[PDB]
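Okay, structure first, notes after.
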Amino acid sequence: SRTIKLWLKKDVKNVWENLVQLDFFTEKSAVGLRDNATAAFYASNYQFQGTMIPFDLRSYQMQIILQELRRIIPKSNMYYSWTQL
Amino acid sequence: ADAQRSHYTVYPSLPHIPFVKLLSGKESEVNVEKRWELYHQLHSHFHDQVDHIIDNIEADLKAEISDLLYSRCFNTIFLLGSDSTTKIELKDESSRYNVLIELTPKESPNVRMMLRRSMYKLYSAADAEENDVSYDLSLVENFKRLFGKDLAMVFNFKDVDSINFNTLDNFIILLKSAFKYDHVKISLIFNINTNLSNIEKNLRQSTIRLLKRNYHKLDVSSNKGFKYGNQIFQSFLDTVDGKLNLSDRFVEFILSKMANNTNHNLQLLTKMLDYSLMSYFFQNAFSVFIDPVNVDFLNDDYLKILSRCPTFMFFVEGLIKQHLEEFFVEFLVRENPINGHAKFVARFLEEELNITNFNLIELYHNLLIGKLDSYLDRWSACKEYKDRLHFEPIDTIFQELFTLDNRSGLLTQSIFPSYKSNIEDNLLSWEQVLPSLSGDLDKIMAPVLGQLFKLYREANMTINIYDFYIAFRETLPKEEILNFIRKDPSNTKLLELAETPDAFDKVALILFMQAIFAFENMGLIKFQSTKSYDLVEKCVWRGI
Amino acid sequence: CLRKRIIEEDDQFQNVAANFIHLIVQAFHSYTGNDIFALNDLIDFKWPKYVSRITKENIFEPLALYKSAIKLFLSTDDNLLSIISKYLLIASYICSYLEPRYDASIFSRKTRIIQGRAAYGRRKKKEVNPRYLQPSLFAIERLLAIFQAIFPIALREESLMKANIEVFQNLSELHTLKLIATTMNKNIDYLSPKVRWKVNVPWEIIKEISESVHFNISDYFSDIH
Amino acid sequence: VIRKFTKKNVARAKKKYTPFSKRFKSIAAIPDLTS
Amino acid sequence: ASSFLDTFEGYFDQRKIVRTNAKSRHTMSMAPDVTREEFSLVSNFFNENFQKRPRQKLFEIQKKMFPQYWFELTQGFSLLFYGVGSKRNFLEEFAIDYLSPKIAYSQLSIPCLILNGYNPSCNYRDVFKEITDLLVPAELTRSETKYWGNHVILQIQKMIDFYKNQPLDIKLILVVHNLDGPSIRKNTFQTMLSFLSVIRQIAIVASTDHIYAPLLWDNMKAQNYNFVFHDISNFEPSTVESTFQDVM
DNA sequence: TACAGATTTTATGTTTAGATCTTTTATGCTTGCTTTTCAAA
DNA sequence: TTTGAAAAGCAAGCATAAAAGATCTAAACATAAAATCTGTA
């Protein structure tokens with residue numbers, strides 16, 4: 001309004017999955033890698049509630065916060081103004 | 001006490017057909033035996049054709065699955081609307097072993113169990129045709145070194161909508177690792193019951209891109225093009241051709257109840273037709289008259305109850321406006337060619353106009369009322385052949401003595417009852433259940449469950465239990481209850497409790513509490529606590 | 001395919017292949033990121049449709065061939081119930097994404113004998129957009145009440161819909177299809193009053209379902225956000 | 001016979017199963033265990 | 001108190017908000033105290049005396065339904081009985097005294113396995129062990145056991161394919177009192193009985209008490225059951241089923 | 001007596017079904033305040 | 001046509017149910033070497 005393509009949700013889904021794969025987002029209250037084999041074996045026999053709801057409703061948390069995003073994104077980047085809330 | 005146990009087997013002592021005598025007990029036993037034999041010869045004639053239709057649809061489904069399956073990526077087949085009951089048989093490709101591996105969501109708690117079950121099945125099949133190994137994907141790596149031949153694995157996933165899609169996804173990328181081996185071919189079969197848009201949003205996009213390289217949709221169900229159904233209906237019509245009539249209300253009830261079931265509508269149709277045939281051969285004494293052998297013993301009761309007919313009354317009113325047993329026999333030789341008309345119209349739609357997507361039950365409905373033209377106007381191809389394809393529904397006297405009809409509400413009481421509503425109307429009314437004939441108490445005092453259900457219905461969503469007890473207590477006559485509890489003098493403790501001045505406050509309270517726990521067992525009420533029992537809330541509203 | 005589109009119609013062949021790879025990268029690097037495998041899959045999917053538009057005029061100039069095969073570089077293209085069940089699913093979404101206090105304002109259409117005031121509805125429009133959050137939990141009787149409120153229709157005809165055995169059979173089938181979820185996933189007791197219910201499908205599927213039977217489910221969410 | 005798993009490191013002691021109560025006919029038939 | 005009573009209007013109407021000045025905070029402390037013996041005595045007096053004659057008249061009315069029940073059982077339909085009141089005496093009198101010797105005479109008694117769903121101790125493994133003690137089926141091979149499968153369900157699935165090719169004679173009368181009872185309503189237990197109900201050689205007679213019991217069965221389970229529903233309301237006391245629910 | 005095979009005993013590993021406790025989050029009651037249609041004049 | 005007044009809505013706060021899951025165990029399923037029991041011989 002002040003061009004840049006708008007991508008649809010169908011195409012932003014793959015970007016979201018790559019961002020989950022690159023460890024930018026974590027699932028909410030996720031234990032992650034277990035300490036020993038017995039606890040990992042117990043975890044493998046349990047169906048977590050995040051794996052049964054659709055992916056658009058799964059809760060995620062940031063590994064990098066927006067204040068850290070503003071520090072290392074260059075000021076000549078076109079999305080740099082949106083790193084400040 | 002065996003009633004206080006879990007399961008007990010008993011052997012009854014012993015010191016033959018379930019058909020009863022009709023005509024208010026005046027029907028002979030030979031007519032009962034004949035009606036039994038005629039019901040069985042129609043029932044077996046219908047179900048033999050049902051068996052041949054079921055075997056044919058299974059064989060055709062196997063043939064099209066094999067045709068899609070055999071015509072560095074998976075060969076993916078999506079069977080849409082599949083109830084996971086198909087037996088998928090594989091041909092014996094020369095110099096190569098074809099192995100079927102079936103996977104259930106109960107058999108798939110995680111990826112490790114999926115691989116271990118798959119590799120145990122593979123090793124068991126390979127040893128059963130042609131030292132042990134680790135049940136692991138390295139067996140796929142060394143399959144040619146251990147068995148000499150190469151391998152073709154066909155994975156059939158039973159009930160994919162109920163599986164954990166993360167586990168299935170990780171199993172698909174795990175199976176993708178077998179593409180680097182030269183001697184391995186992998187096919188996947190997904191039995192989908194909802195549609196493909198539900199399963200493309202639960203898998204990851206890389207998995208979709210992996211599955212896109214070789215995939216085939218196949219929408220195989222029971223509602224696909226109405227073919228299998230119409231064959232069952234035509235088999236039933238050919239069973240009853242020349243002897244029995246189908247009412248339009250019966251056919252529309254079949255259409256309405258078969259609309260409400262999608263996955264298993266075929267055996268529902270067989271069930272409704274079966275119960276209709278059972279009802280006709282249990283109710284009607286004229287069921288022995290569907291063949292001309294048994295027309296030699298028509299008695300006075302038969303002539304009495306065939307004279308109470310609307311068609312006969314219209315016919316004799318027409319004759320007295322214009323102008324008995326032999327005349328009743330005279331209405332048996334006629335054809336009623338509506339079934340032949342329906343099968344001729346179906347054949348003309350099928351192999352002349354190349355129209356397959358028609359419902360023969362709804363076609364028979366429109367032929368029964370007479371609105372065939374409005375049903376045939378939709379295809380826009382029978383504009384010039386509508387007059388030859390149309391024939392007037394003939395009216396035959398004494399048709400309703402040989403008729404599958406739905407007017408009493410029997411077929412919607414035994415097969416599709418209003419269960420919750422039946423419980424509610426039994427609890428609220430209660431004089432429609434118990435007969436109105438403790439001789440004084442039954443005419444003034446309600447049963448405790450029916451009396452409680454009234455105050456249940458007229459209260460609010462949360463009910464205090466003590467005020468509900470008080471409202472129960474005001475509906476009971478204390479003097480008649482104390483008189484009835486003193487009727488038996490042979491029980492000493494009852495008499496010594498009745499003369500105690502708070503006896504009615506004991507009696508009404510314990511009848512109230514046994515009704516409350518009865519309501520809790522039926523599921524009408526619940527408690528809004530675990531440690532307290534002071535407030536209930538109701539879960540059942542009448543009329544829903 | 002490339003050696004059949006030439007004959008039936010090596011440096012230049014490499015030029016066409018490299019130009020196609022550069023066009024795929026330029027169109028879809030924003031979509032794939034720096035993934036080699038995703039771009040390989042897109043090259044595999046879009047190569048034969050690009051070959052099928054190469055003529056003798058498009059082989060020597062890249063701009064006319066890019067204009068002729070433009071549709072391959074705007075979209076990714078990497079993709080593959082009864083009336084009672086559909087209205088039960090729609091009622092489940094209504095029960096999961098509306099508040100129970102506002103039900104008496106939307107569905108109540110009965111004439112009153114005993115004097116009583118209907119619910120006023122929500123006072124102010126909130127901006128939460130509740131379809132972006134996880135669904136809430138509801139009971140069976142609210143589901144059946146809203147189901148007969150929204151189901152399609154002299155003294156013995158009984159206009160409303162009864163909760164007979166086929167409605168419950170369809171609801172059990174919906175739970176079997178994992179379109180309705182419970183709090184329990186294993187050893188589920190269906191008859192317990194402490195078991196609650198939620199919809200398991202998003203908005204993009206109920207839109208297709210509601211428009212397959214022509215139900216205005218988007219009017220029901222227009223009073224908020 | 002194809003085995004669903006293998007226990008290839010079983011080390012079983014040579015210890016018998018019949019107890020002391022079943023190696024004599026009766027209580028009065030038990031000899032002097034000191035000798 | 002409300003303008004509507006029934007339908008969804010009554011449901012939404014009776015779910016209002018009640019102010020704390022009309023909270024009705026009465027409790028069960030303000031009640032005449034009772035213990036087990038007098039409650040049992042006066043209760044059994046009202047069960048054996050109050051409205052006994054019209055209940056017996058209704059029972060004699062529904063004795064005439066028994067040939068229709070037998071005719072439904074010989075055609076492959078399973079019987080499910082519902083209604084307000086207990087149905088234990090109905091099923092025990094119909095299956096043992098009437099159905100078993102007349103089925104035995106019509107095929108020239110038939111054993112009756114009776115399951116108590118009100119008891120929480122009912123278990124599908126012991127019940128199927130008694131089933132295999134009665135029917136003595138062929139034992140599962142090694143290939144049919146698969147990999148840690150449920151041996152009960154796999155052996156019933158073997159029995160289904162075996163009993164398709166047998167003569168259609170009823171070898172066993174299975175009675176399930178309170179199919180919707182607490183331990184007995186579970187999905188494994190219902191799967192086992194649906195798979196048994198596929199077998200034509202076993203007659204299934206069952207009862208139910210919960211008003212939400214059709215929610216227990218999906219399309220596959222209802223197809224395997226193949227029920228004919230019968231409303232028998234009789235207002236029986238439910239003396240035996242209440243013994244696993246302390247009423248005090 | 002006496003040895004070969006079948007069955008039992010004892011011992012351990014594998015997988016599924018389910019119970020119990022802990023922690024964080026949803027929900028329902030309470031009190032106060034403000035909006036809004038409803039039977040009566 | 002108004003008119004006050006009770007039904008209903010919104011909000012904060014706190015006690016409490018309930019979901020989610022971490023941890024663990026019993027039981028079903030499975031294998032297996034040594035001892036023990038039949039069974040002829």
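Below, chains carry the letters A, B, ... as their sequence lines are ordered, and counting in each starts from 1.
Residues satisfying the salt bridge (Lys or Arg N to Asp or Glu O under 4.0 Å) test with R112(C), not counting sequence neighbours, are none.
If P109(B) and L137(C) are placed on DNA chain F by their nearest nucleotide, the residue sitting closer to the 5' end is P109(B). Across the interface with DNA chain G, nearest-nucleotide mapping of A119(C) and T530(B) shows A119(C) to be the residue nearer the 5′ end. Across the interface with DNA chain F, nearest-nucleotide mapping of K28(A) and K186(E) shows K186(E) to be the residue nearer the 5′ end.
The aromatic rings of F20(D) and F24(D) lie perpendicular to each other, with more than 60° between the two planes, well past the 30° mark. The aromatic rings of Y190(C) and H175(C) stand perpendicular to each other, their planes meeting at an angle above 60°, with 30° marking the opposite boundary. In this structure, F155(B) and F171(B) have perpendicular ring planes: the angle between them is above 60°, well past the 30° mark. Relative orientation of the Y147(E) and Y120(B) rings is tilted, given thresholds of 30° and 60° on the angle between their planes.
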## Note on the structure
In 5'-to-3' order, the base (B), backbone-only (S) or no-contact (-) status of each nucleotide in nucleotides 33-39 of chain G, using a 4.0 angstrom heavy-atom cut-off, is BBSS---
### Query
In B/S/- notation, 5' to 3', how is nucleotides 32-41 of chain F contacted by protein heavy atoms closer than 4.0 Å?
--BSBBSS--
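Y135(B) comes within 4.0 angstrom of no nucleic acid atom, judged by non-hydrogen atoms across all strands. Here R34(A) lies in heavy-atom contact (under 4.0 Å) with sugar-phosphate atoms only. Nucleic acid contact class of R112(C) (heavy atoms, under 4.0 Å, all strands): none. Using a 4.0 Å heavy-atom distance criterion, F48(A) is classed as a sugar-phosphate-only contact.
Distances shown here put every side-chain N or O of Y147(E) at or beyond 4.0 Å from the OP1 or OP2 atom of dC29(G). In terms of phosphate contacts, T183(C) brings a side-chain nitrogen or oxygen within less than 4.0 Å of OP1 or OP2 of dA19(G). Listed pair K16(E) / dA8(G) meets the phosphate criterion, a side-chain N or O lying under 4.0 Å from OP1 or OP2. The phosphate of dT27(F) has OP1 or OP2 within less than 4.0 Å of a side-chain N or O from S136(C). Residue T6(D) places none of its side-chain N or O atoms closer than 4.0 Å to OP1 or OP2 of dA32(G). Proximity of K106(B) to the phosphate of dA17(F): a side-chain N or O atom is located under 4.0 Å from OP1 or OP2. In terms of phosphate contacts, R117(B) brings a side-chain nitrogen or oxygen within less than 4.0 Å of OP1 or OP2 of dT16(F).
Relative to the axis of its first five pairs, the axis of the last five pairs of the helix from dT1(F)-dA41(G) to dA41(F)-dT1(G) sits at 80°, rounded to 10 degrees.
The side chain of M113(B) sits closest to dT16(F) out of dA22(G), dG21(G), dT16(F).
Within a heavy-atom distance below 4.0 Å of DNA chain G, no residue of residues 184-192 of chain C is found.
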Name the pairs: protein N/O against N/O of nucleotides 26-28 of chain G, kept only if under 3.5 Å.
none

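For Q115(C), the CD atom counts as loosely surrounded, since its 6.0 Å shell holds 12 or fewer non-hydrogen atoms of other residues, nucleotides or ligands.
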